[PDB]
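Q: Provided below: entry-v1.csv, containing CSV, C-alpha atoms.
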```csv
chain,number,residue,atom,x,y,z
O,720,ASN,CA,-3.4,34.1,-18.6
O,721,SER,CA,-6.9,35.2,-19.5
O,722,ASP,CA,-5.8,36.2,-23.0
O,723,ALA,CA,-3.8,32.9,-23.3
O,724,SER,CA,-6.7,30.8,-22.1
O,725,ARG,CA,-9.2,32.4,-24.5
O,726,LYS,CA,-6.7,32.2,-27.4
O,727,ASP,CA,-5.9,28.6,-26.7
O,728,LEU,CA,-9.6,27.7,-26.5
O,729,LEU,CA,-10.4,29.4,-29.8
O,730,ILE,CA,-7.4,27.7,-31.4
O,731,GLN,CA,-8.6,24.3,-30.2
O,732,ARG,CA,-12.0,25.0,-31.6
O,733,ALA,CA,-10.6,26.1,-34.9
O,734,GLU,CA,-8.4,22.9,-35.0
O,735,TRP,CA,-11.4,20.7,-34.4
O,736,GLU,CA,-13.4,22.6,-37.0
O,737,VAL,CA,-10.6,22.1,-39.6
O,738,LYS,CA,-11.2,18.4,-39.5
O,739,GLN,CA,-15.0,18.7,-39.2
O,740,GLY,CA,-16.1,21.8,-41.0
O,741,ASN,CA,-17.7,25.2,-40.4
O,742,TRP,CA,-14.8,27.2,-41.9
O,743,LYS,CA,-16.5,30.6,-42.1
O,744,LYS,CA,-17.1,31.1,-38.4
O,745,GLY,CA,-13.8,29.5,-37.3
O,746,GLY,CA,-11.7,31.5,-39.8
O,747,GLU,CA,-13.4,34.8,-39.0
O,748,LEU,CA,-12.9,34.2,-35.3
O,749,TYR,CA,-9.3,33.3,-35.9
O,750,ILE,CA,-8.7,36.5,-37.7
O,751,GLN,CA,-8.8,38.6,-34.5
O,752,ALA,CA,-7.1,36.0,-32.3
O,753,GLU,CA,-3.5,35.7,-33.4
O,754,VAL,CA,-1.8,34.1,-36.4
O,755,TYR,CA,-3.1,34.8,-40.0
O,756,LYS,CA,-1.4,31.9,-41.7
O,757,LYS,CA,-3.8,29.2,-40.6
O,758,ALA,CA,-6.8,31.4,-41.5
O,759,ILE,CA,-5.4,32.0,-45.0
O,760,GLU,CA,-4.7,28.2,-45.2
O,761,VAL,CA,-8.3,27.4,-44.5
O,762,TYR,CA,-9.5,30.2,-46.8
O,763,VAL,CA,-7.5,28.8,-49.6
O,764,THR,CA,-8.9,25.3,-48.9
O,765,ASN,CA,-12.4,26.8,-48.9
O,766,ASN,CA,-11.9,29.6,-51.5
O,767,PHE,CA,-13.8,32.2,-49.5
O,768,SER,CA,-12.8,35.5,-51.1
O,769,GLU,CA,-15.1,37.8,-49.2
O,770,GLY,CA,-13.8,36.7,-45.8
O,771,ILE,CA,-10.2,37.3,-47.1
O,772,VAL,CA,-11.2,40.8,-48.1
O,773,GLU,CA,-12.7,41.4,-44.7
O,774,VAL,CA,-9.3,40.3,-43.2
O,775,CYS,CA,-7.5,42.7,-45.6
O,776,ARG,CA,-9.7,45.7,-44.7
O,777,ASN,CA,-9.6,44.8,-41.0
O,778,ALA,CA,-5.9,44.2,-40.8
O,779,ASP,CA,-3.4,46.7,-39.4
O,780,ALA,CA,-1.6,48.9,-41.8
O,781,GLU,CA,2.1,48.3,-41.0
O,782,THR,CA,2.4,44.6,-40.1
O,783,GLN,CA,0.3,42.6,-42.6
O,784,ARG,CA,1.7,44.0,-45.8
O,785,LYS,CA,3.0,40.6,-47.0
O,786,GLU,CA,-0.3,38.9,-46.2
O,787,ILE,CA,-2.2,41.6,-48.1
O,788,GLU,CA,0.2,41.1,-51.1
O,789,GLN,CA,-0.4,37.4,-51.1
O,790,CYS,CA,-4.2,37.9,-50.9
O,791,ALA,CA,-3.9,40.3,-53.9
O,792,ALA,CA,-2.0,37.7,-55.8
O,793,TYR,CA,-4.7,35.1,-55.0
O,794,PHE,CA,-7.4,37.6,-56.2
O,795,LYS,CA,-5.4,38.2,-59.4
O,796,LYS,CA,-5.0,34.5,-60.1
O,797,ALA,CA,-8.7,34.1,-59.5
O,798,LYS,CA,-9.6,37.0,-61.9
O,799,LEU,CA,-10.9,39.1,-59.0
O,800,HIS,CA,-10.0,42.4,-60.7
O,801,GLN,CA,-11.8,44.8,-58.3
O,802,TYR,CA,-10.4,43.1,-55.2
O,803,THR,CA,-6.9,43.0,-56.7
O,804,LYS,CA,-7.2,46.7,-57.4
O,805,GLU,CA,-8.3,47.6,-53.9
O,806,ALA,CA,-5.6,45.4,-52.4
O,807,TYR,CA,-2.9,47.0,-54.6
O,808,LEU,CA,-4.2,50.5,-53.6
O,809,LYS,CA,-3.9,49.5,-49.9
O,810,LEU,CA,-0.4,48.2,-50.7
O,811,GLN,CA,0.7,51.4,-52.5
O,812,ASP,CA,3.2,49.2,-54.5
O,813,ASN,CA,3.7,50.9,-57.9
O,814,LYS,CA,5.3,47.9,-59.5
O,815,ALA,CA,2.3,45.7,-58.9
O,816,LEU,CA,-0.1,48.4,-60.0
O,817,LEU,CA,1.9,48.9,-63.3
O,818,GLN,CA,1.8,45.1,-63.8
O,819,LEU,CA,-1.9,45.0,-63.3
O,820,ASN,CA,-2.4,48.0,-65.6
O,821,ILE,CA,-0.4,46.4,-68.4
O,822,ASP,CA,-2.1,43.0,-67.9
O,823,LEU,CA,-5.6,44.6,-68.0
O,824,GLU,CA,-4.8,46.1,-71.5
O,825,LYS,CA,-5.6,49.8,-71.0
O,826,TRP,CA,-3.5,53.0,-71.0
O,827,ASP,CA,-5.4,55.8,-69.2
O,828,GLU,CA,-4.8,54.5,-65.7
O,829,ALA,CA,-1.3,53.4,-66.9
O,830,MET,CA,-0.8,57.0,-68.2
O,831,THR,CA,-1.8,58.7,-64.9
O,832,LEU,CA,0.3,56.2,-62.9
O,833,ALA,CA,3.3,56.9,-65.2
O,834,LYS,CA,2.7,60.7,-64.7
O,835,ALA,CA,2.6,60.1,-60.9
O,836,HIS,CA,5.8,57.8,-61.2
O,837,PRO,CA,8.5,59.5,-63.4
O,838,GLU,CA,10.9,56.7,-62.6
O,839,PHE,CA,9.1,54.1,-64.9
O,840,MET,CA,8.8,55.2,-68.5
O,841,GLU,CA,9.6,52.2,-70.8
O,842,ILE,CA,7.7,49.7,-68.6
O,843,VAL,CA,4.5,51.0,-70.2
O,844,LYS,CA,6.0,52.1,-73.5
O,845,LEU,CA,7.2,48.7,-74.6
O,846,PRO,CA,3.8,47.0,-74.0
O,847,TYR,CA,2.3,50.2,-75.6
O,848,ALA,CA,4.7,49.6,-78.6
O,849,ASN,CA,3.4,46.0,-78.8
O,850,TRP,CA,-0.2,47.1,-78.7
O,851,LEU,CA,0.5,49.7,-81.5
O,852,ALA,CA,2.1,46.9,-83.5
O,853,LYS,CA,-1.0,44.9,-83.0
O,854,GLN,CA,-3.0,47.6,-84.9
O,855,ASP,CA,-2.3,49.3,-88.3
O,856,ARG,CA,-0.4,52.2,-86.7
O,857,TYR,CA,3.0,51.0,-87.9
O,858,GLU,CA,4.6,54.5,-88.0
O,859,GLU,CA,3.9,55.0,-84.3
O,860,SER,CA,5.5,51.6,-83.7
O,861,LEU,CA,8.6,52.8,-85.7
O,862,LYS,CA,8.9,56.0,-83.7
O,863,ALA,CA,8.5,54.1,-80.4
O,864,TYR,CA,11.2,51.6,-81.4
O,865,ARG,CA,13.5,54.4,-82.4
O,866,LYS,CA,12.9,56.2,-79.1
O,867,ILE,CA,13.5,53.0,-77.1
O,868,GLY,CA,16.8,52.4,-79.1
O,869,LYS,CA,16.3,48.8,-80.5
O,870,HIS,CA,15.9,48.9,-84.2
O,871,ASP,CA,17.1,45.7,-85.9
O,872,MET,CA,13.7,44.0,-86.2
O,873,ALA,CA,12.3,47.5,-86.6
O,874,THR,CA,14.6,48.0,-89.6
O,875,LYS,CA,13.7,44.6,-91.1
O,876,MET,CA,9.9,45.3,-90.8
O,877,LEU,CA,10.4,48.8,-92.1
O,878,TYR,CA,12.1,47.3,-95.2
O,879,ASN,CA,9.2,44.8,-95.5
O,880,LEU,CA,6.8,47.8,-95.3
O,881,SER,CA,8.9,49.6,-98.0
O,882,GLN,CA,8.6,46.5,-100.3
O,883,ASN,CA,4.8,46.3,-99.6
O,884,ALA,CA,4.4,50.0,-100.4
O,885,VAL,CA,6.5,49.8,-103.7
O,886,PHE,CA,4.5,46.7,-104.7
O,887,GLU,CA,1.1,48.3,-103.9
O,888,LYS,CA,1.8,51.3,-106.2
O,889,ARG,CA,1.7,53.6,-103.2
O,890,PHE,CA,5.0,55.2,-104.2
O,891,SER,CA,4.5,58.2,-101.8
O,892,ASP,CA,4.6,55.8,-98.8
O,893,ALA,CA,7.6,54.0,-100.3
O,894,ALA,CA,9.4,57.4,-100.6
O,895,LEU,CA,8.5,58.2,-97.0
O,896,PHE,CA,9.8,54.8,-95.8
O,897,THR,CA,13.0,55.3,-97.9
O,898,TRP,CA,13.5,58.6,-96.2
O,899,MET,CA,13.0,57.0,-92.8
O,900,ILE,CA,15.5,54.3,-93.7
O,901,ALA,CA,18.0,57.0,-94.8
O,902,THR,CA,17.4,58.9,-91.5
O,903,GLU,CA,18.0,55.8,-89.5
O,904,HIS,CA,21.3,55.1,-91.3
O,905,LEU,CA,22.4,58.7,-90.8
O,906,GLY,CA,21.6,58.2,-87.1
O,907,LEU,CA,23.9,55.2,-87.4
O,908,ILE,CA,26.5,57.6,-88.8
O,909,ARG,CA,26.4,59.3,-85.3
O,910,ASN,CA,29.1,57.0,-84.0
O,911,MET,CA,32.2,59.1,-83.8
O,912,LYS,CA,33.4,61.6,-86.4
O,913,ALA,CA,36.9,60.4,-87.1
O,914,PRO,CA,37.6,59.5,-90.8
O,915,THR,CA,36.5,55.8,-90.6
O,916,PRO,CA,35.5,54.1,-93.8
O,917,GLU,CA,32.1,53.1,-92.3
O,918,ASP,CA,31.2,56.8,-92.1
O,919,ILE,CA,32.0,57.4,-95.8
O,920,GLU,CA,30.1,54.3,-97.0
O,921,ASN,CA,27.1,55.2,-94.8
O,922,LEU,CA,27.1,58.8,-96.0
O,923,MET,CA,27.2,57.7,-99.7
O,924,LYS,CA,24.4,55.1,-99.0
O,925,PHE,CA,22.4,57.8,-97.3
O,926,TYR,CA,22.8,60.1,-100.4
O,927,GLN,CA,21.7,57.2,-102.6
O,928,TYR,CA,18.7,56.6,-100.4
O,929,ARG,CA,17.7,60.2,-100.5
O,930,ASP,CA,18.0,60.2,-104.3
O,931,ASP,CA,16.0,57.0,-104.4
O,932,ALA,CA,13.2,58.6,-102.3
O,933,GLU,CA,13.1,61.6,-104.6
O,934,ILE,CA,12.8,59.2,-107.6
O,935,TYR,CA,9.9,57.5,-105.8
O,936,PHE,CA,8.1,60.8,-105.3
O,937,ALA,CA,8.7,61.9,-108.9
O,938,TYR,CA,7.6,58.5,-110.3
O,939,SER,CA,4.5,58.7,-108.0
J,769,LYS,CA,22.6,19.6,-93.7
J,770,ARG,CA,25.7,20.4,-95.7
J,771,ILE,CA,26.0,23.5,-97.9
J,772,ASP,CA,29.3,23.6,-99.6
J,773,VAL,CA,29.0,20.2,-101.2
J,774,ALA,CA,25.4,21.0,-102.0
J,775,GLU,CA,26.4,24.2,-103.9
J,776,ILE,CA,29.2,22.4,-105.7
J,777,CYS,CA,26.7,19.8,-106.8
J,778,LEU,CA,24.3,22.5,-107.9
J,779,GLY,CA,27.2,23.8,-110.0
J,780,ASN,CA,27.5,20.3,-111.5
J,781,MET,CA,23.9,20.0,-112.6
J,782,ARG,CA,24.4,22.6,-115.3
J,783,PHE,CA,21.1,23.9,-113.7
J,784,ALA,CA,21.4,27.6,-114.2
J,785,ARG,CA,17.9,28.3,-112.6
J,786,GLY,CA,18.9,26.7,-109.3
J,787,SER,CA,22.1,28.6,-109.3
J,788,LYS,CA,20.2,31.9,-109.9
J,789,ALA,CA,17.9,30.9,-107.0
J,790,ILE,CA,21.0,30.3,-104.9
J,791,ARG,CA,22.4,33.7,-105.8
J,792,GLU,CA,19.2,35.6,-105.1
J,793,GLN,CA,18.6,33.7,-101.8
J,794,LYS,CA,22.2,33.8,-100.4
J,795,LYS,CA,21.5,37.3,-98.9
J,796,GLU,CA,19.9,35.8,-95.8
J,797,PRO,CA,21.3,35.5,-92.3
J,798,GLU,CA,19.4,32.2,-91.8
J,799,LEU,CA,21.0,29.1,-93.4
J,800,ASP,CA,17.8,27.1,-92.8
J,801,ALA,CA,16.0,29.4,-95.2
J,802,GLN,CA,18.7,28.6,-97.9
J,803,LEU,CA,18.2,24.9,-97.2
J,804,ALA,CA,14.5,25.2,-97.6
J,805,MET,CA,15.0,27.1,-100.8
J,806,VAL,CA,17.2,24.3,-102.1
J,807,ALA,CA,14.5,21.8,-101.0
J,808,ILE,CA,12.0,23.7,-103.2
J,809,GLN,CA,14.6,23.7,-106.0
J,810,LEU,CA,14.9,19.8,-105.7
J,811,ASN,CA,11.1,19.3,-105.4
J,812,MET,CA,10.1,18.1,-101.9
J,813,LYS,CA,7.8,20.6,-100.3
J,814,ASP,CA,7.3,18.7,-97.0
J,815,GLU,CA,11.0,19.0,-96.1
J,816,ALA,CA,11.0,22.7,-96.9
J,817,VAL,CA,7.9,23.2,-94.8
J,818,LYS,CA,9.6,21.4,-91.9
J,819,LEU,CA,12.8,23.4,-92.3
J,820,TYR,CA,10.8,26.7,-92.3
J,821,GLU,CA,8.9,25.7,-89.1
J,822,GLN,CA,12.2,24.7,-87.5
J,823,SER,CA,13.7,28.1,-88.2
J,824,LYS,CA,10.6,30.0,-87.0
J,825,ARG,CA,10.3,31.6,-90.4
J,826,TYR,CA,6.9,32.2,-91.9
J,827,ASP,CA,7.1,35.0,-94.5
J,828,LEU,CA,9.1,32.8,-96.9
J,829,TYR,CA,6.7,29.9,-96.1
J,830,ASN,CA,3.8,32.3,-96.7
J,831,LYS,CA,5.2,33.3,-100.1
J,832,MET,CA,5.6,29.6,-101.0
J,833,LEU,CA,2.1,28.8,-99.9
J,834,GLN,CA,0.8,31.7,-101.9
J,835,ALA,CA,2.7,30.6,-105.0
J,836,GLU,CA,1.7,26.9,-104.9
J,837,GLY,CA,-2.0,27.7,-105.0
J,838,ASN,CA,-3.7,27.2,-101.6
J,839,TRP,CA,-4.6,30.9,-101.2
J,840,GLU,CA,-7.0,30.5,-98.2
J,841,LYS,CA,-4.4,28.5,-96.2
J,842,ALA,CA,-1.9,31.3,-96.9
J,843,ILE,CA,-4.4,33.9,-95.7
J,844,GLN,CA,-5.0,31.9,-92.5
J,845,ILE,CA,-1.3,31.4,-91.9
J,846,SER,CA,-0.6,35.1,-92.5
J,847,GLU,CA,-3.4,36.3,-90.2
J,848,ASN,CA,-2.5,33.9,-87.3
J,849,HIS,CA,1.3,34.3,-87.6
J,850,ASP,CA,2.4,37.5,-89.5
J,851,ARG,CA,-0.7,39.7,-90.1
J,852,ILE,CA,1.7,42.2,-91.7
J,853,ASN,CA,1.7,40.9,-95.2
J,854,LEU,CA,-2.1,40.3,-94.9
J,855,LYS,CA,-2.8,43.2,-97.3
J,856,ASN,CA,-0.3,41.8,-99.8
J,857,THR,CA,-1.9,38.4,-99.6
J,858,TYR,CA,-5.4,39.9,-100.1
J,859,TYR,CA,-4.1,41.9,-103.1
J,860,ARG,CA,-2.5,38.7,-104.6
J,861,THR,CA,-5.7,36.7,-104.1
J,862,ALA,CA,-7.7,39.5,-105.8
J,863,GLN,CA,-5.3,39.5,-108.7
J,864,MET,CA,-5.7,35.7,-109.0
J,865,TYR,CA,-9.5,36.2,-109.0
J,866,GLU,CA,-9.1,38.8,-111.7
J,867,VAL,CA,-7.1,36.3,-113.8
J,868,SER,CA,-9.9,33.8,-113.3
J,869,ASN,CA,-12.3,36.4,-114.7
J,870,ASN,CA,-14.3,36.5,-111.4
J,871,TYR,CA,-15.0,40.2,-111.5
J,872,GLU,CA,-17.3,40.0,-108.4
J,873,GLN,CA,-14.6,38.2,-106.3
J,874,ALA,CA,-11.9,40.5,-107.6
J,875,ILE,CA,-13.8,43.7,-106.6
J,876,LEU,CA,-14.8,42.1,-103.2
J,877,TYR,CA,-11.2,41.3,-102.4
J,878,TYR,CA,-10.3,44.8,-103.6
J,879,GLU,CA,-12.5,46.4,-100.9
J,880,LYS,CA,-11.0,43.9,-98.4
J,881,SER,CA,-7.6,44.9,-99.8
J,882,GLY,CA,-5.8,48.1,-98.8
J,883,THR,CA,-6.7,50.0,-102.1
J,884,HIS,CA,-9.9,49.7,-104.1
J,885,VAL,CA,-10.5,53.3,-105.4
J,886,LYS,CA,-8.3,52.8,-108.5
J,887,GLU,CA,-8.1,49.0,-109.1
J,888,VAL,CA,-11.8,48.6,-109.7
J,889,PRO,CA,-12.2,51.3,-112.4
J,890,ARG,CA,-9.1,49.9,-114.1
J,891,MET,CA,-10.4,46.3,-114.2
J,892,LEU,CA,-13.9,47.5,-115.2
J,893,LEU,CA,-12.5,49.5,-118.2
J,894,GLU,CA,-10.3,46.6,-119.2
J,895,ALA,CA,-13.3,44.4,-119.2
J,896,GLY,CA,-15.6,47.1,-120.6
```
Is it possible to give me this structure as structure tokens?
A:
Amino acid sequence: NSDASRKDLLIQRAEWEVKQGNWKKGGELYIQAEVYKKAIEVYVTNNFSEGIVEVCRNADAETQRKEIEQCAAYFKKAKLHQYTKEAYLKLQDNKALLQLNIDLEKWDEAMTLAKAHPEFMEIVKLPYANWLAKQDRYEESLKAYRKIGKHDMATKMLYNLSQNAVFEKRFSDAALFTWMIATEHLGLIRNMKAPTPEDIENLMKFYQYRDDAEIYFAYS
Amino acid sequence: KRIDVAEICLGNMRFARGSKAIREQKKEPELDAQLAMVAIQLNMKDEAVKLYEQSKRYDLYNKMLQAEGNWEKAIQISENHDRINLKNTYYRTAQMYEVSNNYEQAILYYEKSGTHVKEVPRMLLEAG
């Protein structure tokens, strides 16, 4: 009865304050009363991040997980990087941490998280491959694409690189790219070992590519 | 947007150059690229540009823009879209400057190009 009376009185005061104002005191009093939904509603209406963080740090560990996740999402959508980081740490959700790391465009924290989480390897590698493609380290992009498995656009851009190299009189790079192309096609020869004509044509084309690379080296 | 009747007609021009362009361009998965090439062959650049934009193809459009003459526009398109053939575009602009006898611009775009250790001495000895 006493708890019910006090809670009802504070809820009525908060309801009156919603129409009038004074959101800070009412919200912070409603944090310790009962429901957290109305408090987050008025916080979103007022955009009072520090009070929300006080709620997150003062909330219990095993009940308000979803509310802390929503607060972290609100922080991230408001570019509150440090508060998003602390909320994610309090959540111990590896998926959200990896998403934040890949969105923040850095690798060291992503690297240590990947070491701590052996179940998520390509989730960082593919954005890492994109970042490597953004820079001039094209060979690292090639090896990352080969490790991932997808190669069709990788093969097309490697052919473009070969054309660029042969045009720019850097015949050593052209020979290296031709050798890489021949190795990729021989990796395509990996499919089965039965006497299929695709195997013979791929083998002869690989021999031709190796000879072409040797000609590029000699001409260089 | 019909190809078979188009290539039959190109056969009926007795226009060997357009047929050679057809032969060298047919090795492309995208038919829109072939249509844009035929548009170039029949002299309307706007239609070819529209077709290239429709097919999300920029390297062929970058080559066409480099060829027609607006080098700076080609540089901008390459840097904002491809960024891979940017070195080739720089080298081609430097070669164009060398043709225009602008030695200073040629050497400048050489150092902005991938290689400048050997091109600059060669042009300097060619000029003397």
Q: May I have the residues of chain O within 10 Å of chain J, counting only C-alpha atoms, written as number ranges by chain?
A: O: 852-855, 857, 876, 879-880, 883-884, 886-889
Q: Can those selected residues be exported to a file as an mmCIF file, in the frame of the given file so that it contains C-alpha atoms?
A:
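part.cif written:
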```cif
data_model
loop_
_atom_site.group_PDB
_atom_site.id
_atom_site.type_symbol
_atom_site.label_atom_id
_atom_site.label_comp_id
_atom_site.auth_asym_id
_atom_site.auth_seq_id
_atom_site.Cartn_x
_atom_site.Cartn_y
_atom_site.Cartn_z
ATOM 1 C CA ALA O 852 2.100 46.900 -83.500
ATOM 2 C CA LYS O 853 -1.000 44.900 -83.000
ATOM 3 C CA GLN O 854 -3.000 47.600 -84.900
ATOM 4 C CA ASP O 855 -2.300 49.300 -88.300
ATOM 5 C CA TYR O 857 3.000 51.000 -87.900
ATOM 6 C CA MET O 876 9.900 45.300 -90.800
ATOM 7 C CA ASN O 879 9.200 44.800 -95.500
ATOM 8 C CA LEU O 880 6.800 47.800 -95.300
ATOM 9 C CA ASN O 883 4.800 46.300 -99.600
ATOM 10 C CA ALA O 884 4.400 50.000 -100.400
ATOM 11 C CA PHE O 886 4.500 46.700 -104.700
ATOM 12 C CA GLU O 887 1.100 48.300 -103.900
ATOM 13 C CA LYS O 888 1.800 51.300 -106.200
ATOM 14 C CA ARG O 889 1.700 53.600 -103.200
#
```
Q: Compile the contact shell of residue 786 (chain O) as a list in words: residues with an atom at most 12 Å away, counting only C-alpha atoms, same-chain residues fewer than 3 positions apart removed.
A: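 Listed by chain and then number, they are residues 754, 755, 756, 757, 758, 759, 760, 771, 772, 774, 775, 776, 778, 779, 780, 781, 782, 783, 789, 790, 791, 792, 793, 806, 807, 809 and 810 of chain O.
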Q: Residues within 10 Å of residue 878 (chain J), please, as a list in words. Count only C-alpha atoms; anything in the same chain fewer than 5 positions from it doesn't count.
A: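 That gives residues 855, 858, 859, 860, 861, 862, 863, 872, 873, 883, 884, 885, 886, 887 and 888 of chain J.
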Q: List the spatial neighbours of residue 845 (chain J) as a list in words - criterion: any atom at most 10 Å away, all atoms listed in the file, same-chain residues fewer than 4 positions off excluded.
A: residues 826, 827, 829, 830, 833, 839, 840, 841, 849, 850, 851 and 854 of chain J
Q: What separation in Å, quoted to one decimal, exists between CA of residue 776 (chain J) and CA of residue 816 (chain J)?
A: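 Calculated distance between CA of residue 776 (chain J) and CA of residue 816 (chain J) is 20.2 Å.
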Q: Counting all atoms listed in the file, what is within 10 Å of region 739-745 of chain O, bar same-chain residues fewer than 2 positions away, as a PyMOL selection string?
A: chain O and resi 729-730+732-737+747-750+758+761-762+764-765+767+770
Q: For each of O:818, O:939, O:777, O:921, take the minimum atom-to-atom distance to residue 906 (chain O), counting all atoms listed in the file, then give the residue where this is smallest.
A: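 Closest residue, counting all atoms listed in the file: O:921.
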Q: To one decimal in Å, tell me the separation between CA of residue 874 (chain J) and CA of residue 938 (chain O).
A: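 Taking CA of residue 874 (chain J) and CA of residue 938 (chain O), their separation equals 26.7 Å.
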Q: If we count all atoms listed in the file and set the cut-off at 12 Å, which residues sit around residue 817 (chain J), ignoring sequence neighbours fewer than 6 positions away in its own chain? Please answer as JSON, numbers by chain.
A: {"J": [800, 801, 803, 804, 805, 806, 807, 808, 811, 823, 824, 825, 826, 827, 828, 829, 830, 831, 832, 833]}
Q: With C-alpha atoms kept, could you save the residues just selected as a tab-separated table (two decimals), keeping the file's coordinate frame?
A:
```tsv
chain	number	residue	atom	x	y	z
J	800	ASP	CA	17.80	27.10	-92.80
J	801	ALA	CA	16.00	29.40	-95.20
J	803	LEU	CA	18.20	24.90	-97.20
J	804	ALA	CA	14.50	25.20	-97.60
J	805	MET	CA	15.00	27.10	-100.80
J	806	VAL	CA	17.20	24.30	-102.10
J	807	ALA	CA	14.50	21.80	-101.00
J	808	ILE	CA	12.00	23.70	-103.20
J	811	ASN	CA	11.10	19.30	-105.40
J	823	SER	CA	13.70	28.10	-88.20
J	824	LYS	CA	10.60	30.00	-87.00
J	825	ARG	CA	10.30	31.60	-90.40
J	826	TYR	CA	6.90	32.20	-91.90
J	827	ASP	CA	7.10	35.00	-94.50
J	828	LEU	CA	9.10	32.80	-96.90
J	829	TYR	CA	6.70	29.90	-96.10
J	830	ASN	CA	3.80	32.30	-96.70
J	831	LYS	CA	5.20	33.30	-100.10
J	832	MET	CA	5.60	29.60	-101.00
J	833	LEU	CA	2.10	28.80	-99.90
```
Q: Calculate how many Å separate CA of residue 878 (chain O) from CA of residue 934 (chain O), rounding to one decimal.
A: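 CA of residue 934 (chain O) lies at a distance of 17.2 Å from CA of residue 878 (chain O).
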